[PDB]
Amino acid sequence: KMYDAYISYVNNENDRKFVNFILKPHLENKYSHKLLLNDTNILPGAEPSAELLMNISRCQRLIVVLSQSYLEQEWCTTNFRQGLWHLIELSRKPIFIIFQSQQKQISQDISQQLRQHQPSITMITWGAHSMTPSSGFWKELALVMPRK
């Protein structure tokens, strides 16, 4: 049992529907990946949860749907850098989906930590132009997932 990615998101109706109606079926039906996913907190107290540790140990990638709603979780607001260090240590290059429409809403701290850690992470931006099958979003995400 080896999955291609664990997808971490938050219990937001927009985020839930984007994951379940767009991201997950595209990965599963086109690129035919095996995915685990959950809207649990992966870093209670900015330390890996037991569930994260299990899932990392059985998944080849970590995808985080890093919306403004996601970034309202406790570890994001008080120690995003430590959380990011844990994800880098556990998943080598964690993948962060970020929404271009929210880039102004993202705190300066978060944005600076993301840029700071660019060599250790993969940041893929989802914009208005990204849904179309030919978009750069789907190209980069196929490129960073396990090849089939």
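Numbers for residues come from their place in the sequence shown, where the first is 1.
Taking only CA atoms, the mean B-factor in the PDB entry is higher for 32 to 40 than for the other of 32 to 40 and 60 to 68. Look at the C-alpha B-factors of 136 to 144 and of 8 to 16. On average they run higher in 136 to 144. In the PDB entry, the Cα temperature factor peaks, among 122, 82, 116, 100, at 100. Among 110, 95, 88, 27, the highest C-alpha B-factor recorded in the PDB entry belongs to 27. In the PDB entry, a CA B factor belonging to the highest third of its chain's modelled residues is recorded for residue 131.
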